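The chain that follows stands alone, in the form deposited in one PDB entry, written as structure tokens.
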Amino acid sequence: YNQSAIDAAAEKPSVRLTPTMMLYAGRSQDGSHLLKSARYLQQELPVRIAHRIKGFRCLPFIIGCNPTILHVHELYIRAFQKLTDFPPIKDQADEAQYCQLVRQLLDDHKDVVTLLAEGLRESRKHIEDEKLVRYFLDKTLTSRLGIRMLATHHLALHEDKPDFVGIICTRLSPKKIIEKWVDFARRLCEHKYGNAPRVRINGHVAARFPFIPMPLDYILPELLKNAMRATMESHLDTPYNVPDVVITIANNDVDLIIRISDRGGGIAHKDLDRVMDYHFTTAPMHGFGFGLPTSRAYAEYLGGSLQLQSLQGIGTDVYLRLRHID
């Protein structure tokens, strides 16, 4: 690329808007909170993009040369250009034009991860470091989550969604968000297998607290698709009589724990170390190998964890932990 403008922002450090600082925006009888947030987003978005362009520049030359990798690298450069070229936000007209660019760039970059994984897969013969692919995809996925959180938050500040301040839900019920995806995952499972296991939810079912549901909107359907597929493939002779998937909610002052326990035979000993690798699968629902590593990258980025406990021959317990807001 050899661009000096990008070099300037690759070294300047990132600024993360804390959940409490995000909530401290509600100047309704003025609209001054809208401009304050947009002025931050305008400055922060190119820094995040440049930090990732730096990652593409640090890829070994032979890999960075792949036409698909180069295309995604080019996309990140043009995105940085489009964002920095925009003049500073002064009024409601300057804020509105930025929101349109952000929405277009959020749609132009929707398939970056799929192109990146393909480019990296195509380059397997030249990849010497086994961790290279995992660390590059982990960092790309978490950078995008960070960007998508800031961008979606500012765009949602224009909506008057009940119980929400942008992307922060002030009254989130973990039981309701689980229920929302349980019915969705059962429909996908029913389509493939003719049936789906019934889901039972116990624990702190009435817990309510402020939280950002965005990461849970990815993790929960992925973990439910895994638990349901496994339960069906291990009860092939009785597809009509499959054991329930039991979800437990544990809410304490430190974190939120969601445990998903299935009776799907568990993860085999030989596969136990490969399940967290990108592309690894034993099979859209399945046939991807992204659900587990992406969900862990997500949980860890947000101060939590994704831990698996396999009981080979019986089932698996998946523990999703996420740190509380503030």
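We call the rigid core the largest set of C-alpha positions that still match within 1.5 Å between the two forms. Heads up: residue numbers just count along the shown sequence, starting at 1.
**Q** Across the other PDB entries of this protein that model residues on both sides of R27, is it left without coordinates in at least a third of them?
**A** Yes: coordinates for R27 absent from at least a third of the compared entries.
**Q** Say whether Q42, which has coordinates in the shown structure, is without coordinates in a third or more of the other compared entries.
**A** Per the records, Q42 is modelled in all the other entries.
**Q** Which class fits the unmodelled deposited stretch between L272 and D273: none, 1 to 3, 4 to 9, or 10 or more?
**A** In the record, the chain runs straight from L272 to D273 with none unmodelled.
**Q** Take the C-alpha B-factors listed in the entry for 115-123 and for 181-189, compute each mean, and give the stretch with the larger one.
**A** Result: 115-123.
**Q** Averaging C-alpha B-factors over each stretch, which comes out higher, 253-261 or 34-42?
**A** According to the PDB entry, the answer is 34-42.
**Q** Out of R200, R144, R171, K82, which shows the largest CA B-factor listed in the entry?
**A** Comparing C-alpha B-factors across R200, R144, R171, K82, the maximum falls on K82.
**Q** By the entry's C-alpha temperature factors, tell me which of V245, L223, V165, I77 sits highest.
**A** Within the set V245, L223, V165, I77, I77 shows the top C-alpha B-factor.
**Q** Within this chain, which third does the Cα B-factor at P239 fall in: lowest, middle or highest?
**A** For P239, whose C-alpha B-factor we compare with every modelled residue in the chain, the answer is the middle third.
**Q** If you rank the chain by CA B-factor, which third does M285 end up in: lowest, middle or highest?
**A** CA B-factor rank for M285: highest third.
**Q** What third of the chain does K161 rank in for C-alpha temperature factor, lowest, middle or highest?
**A** Its C-alpha B-factor, which the entry lists for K161, ranks in the middle third among residues of this chain.
**Q** Ranking every modelled residue in this chain by its Cα temperature factor as given in the entry, which third contains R27?
**A** According to the entry, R27 has a C-alpha B-factor in the chain's highest third.
**Q** Pull the Cα B-factor of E95 out of the PDB entry and bin it into the chain's lowest, middle or highest third.
**A** Within its chain, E95 is a highest-third residue by C-alpha B-factor, going by the deposited values.
One more form of this protein, solved in complex with a small molecule, exists but is not displayed; see below.
**Q** I'd like to check something about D255: if you look in the deposited bound form, is any of its heavy atoms closer than or equal to 4.5 Å to a heavy atom of the small molecule?
**A** No, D255 sits far enough from the small molecule in the deposited bound form that none of its heavy atoms falls within 4.5 Å.
**Q** Whether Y193 contacts the small molecule in the deposited bound form should be assessed with a 4.5 Å heavy atom distance threshold; does it?
**A** Heavy-atom contact with the small molecule at 4.5 Å: present for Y193.
**Q** Indicate whether the small molecule has at least one heavy atom within 4.5 Å of a heavy atom of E222 in the deposited bound form.
**A** Yes, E222 is a contact residue.
**Q** With a 4.5 Å heavy atom cut-off, would you call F184 a contact of the small molecule in the deposited bound form?
**A** Looking in the deposited bound form, residue contacts with the small molecule include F184, since a heavy atom lies within 4.5 Å.
**Q** Counting only heavy atoms and a 4.5 Å cutoff, which of 117-125, 222-230, 199-207, 165-173 contacts the small molecule in the deposited bound form?
**A** Careful reading of the contacts points to 222-230.
**Q** Can you pick the one in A156, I177, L188, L132 that has a heavy atom within 4.5 Å of the small molecule in the deposited bound form?
**A** Exactly one listed residue reaches within 4.5 Å, namely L188.
**Q** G31: after superposing the rigid core, is there a C-alpha shift of 2 Å or more between this form and the one not shown?
**A** The answer is no, as the C-alpha of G31 shifts between this form and the one not shown by less than 2 Å after core alignment.
**Q** Answer yes if the CA of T20 moves 2 Å or more between this form and the one not shown after aligning the rigid core, and no otherwise.
**A** Yes, shifts by 2 Å or more.
**Q** Say whether the C-alpha atoms of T20 and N251 sit closer together or farther apart in the deposited bound form than in the form shown here, given that their separation changes by 3 Å or more.
**A** So the answer is farther.
**Q** Versus the form shown, are the CA atoms of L302 and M22 closer or farther apart in the deposited bound form, given a shift of 3 angstroms or more?
**A** Compared with the shown chain, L302-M22 is closer in the deposited bound form.
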